[PDB]
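> With the input below, show me the fold.
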Amino acid sequence: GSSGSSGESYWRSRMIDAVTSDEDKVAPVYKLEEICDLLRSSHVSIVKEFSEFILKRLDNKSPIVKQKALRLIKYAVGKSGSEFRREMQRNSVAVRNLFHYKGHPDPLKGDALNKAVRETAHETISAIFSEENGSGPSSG
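Numbering: from 1, shown residues only. Provided below are the atomic coordinates:
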């Protein structure tokens, strides 16, 4: 029956990977819901790992893959729990870094696929930092 392996890294990655598949079709709502359940249904360690896999999608050279993550980032935050919110803010540079993501004019679609990424990034920061007011440590 049971047997070891190098680590439970596949379970976590599989979820994010499937909602960030290399397809232009918008990821189905039902798959997003499952992540939002697993997030609260798991310990905060899993929420940290989830965040890492999300970030690894911004690195994918494809424009589409980035956008898929951008919408998930905002769909997930605001429901999955507050832990994912704080951890996502810590690595939010990736989203801001896309406000000017021109990529390359895809010969097929005509610099369209890359808009989507950049567009969603603005909406995504508004979800990570979905805080009207806040606080922070003293400068001295």
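> could you list every residue that touches residue 59?
Residues counted as contacts of residue 59 (CB atoms under 8 Å, 6 or more residues apart in numbering): none. For the C-beta atoms, the positions are set from N, CA and C on the backbone; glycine is no exception.
> Give me the phi and psi angles of it.
phi -70, psi -20 (degrees, to the nearest 10).
> Could you do residue 53 as well?
Torsion angles, degrees, to the nearest 10, at residue 53: phi -60, psi -40.
> State the number of residues packed around it.
Residues near residue 53, counting by other CB atoms under 10 Å, number 17.
> what's the answer for residue 27, then?
Quick note: residue 27 (other CB under 10 Å) scores 18 neighbours.
> ok, now the one 3 residues further on?
When counting by other CB under 10 Å, one arrives at 7 neighbours for residue 30.
> what comes up buried for whichever strand or helix holds it?
Here residue 30 sits within helix 29-41, counting by DSSP states H and E. For helix 29-41, burial by neighbour count (16 or more other CB atoms under 10 Å) applies to 32, 35-36, 38-39.
> and residue 88, how far is that from residue 112?
In this view, residue 88 and residue 112 are 27 Å apart by CB to CB, to the nearest Å.
> Please read the previous query as pertaining to residue 45.
In terms of CB to CB, residue 45 sits 39 Å off from residue 112.
> between these two, who's got more neighbours?
More neighbours surround residue 112 than the other of residue 45 and residue 112, with 12 against 9 (other CB under 10 Å).
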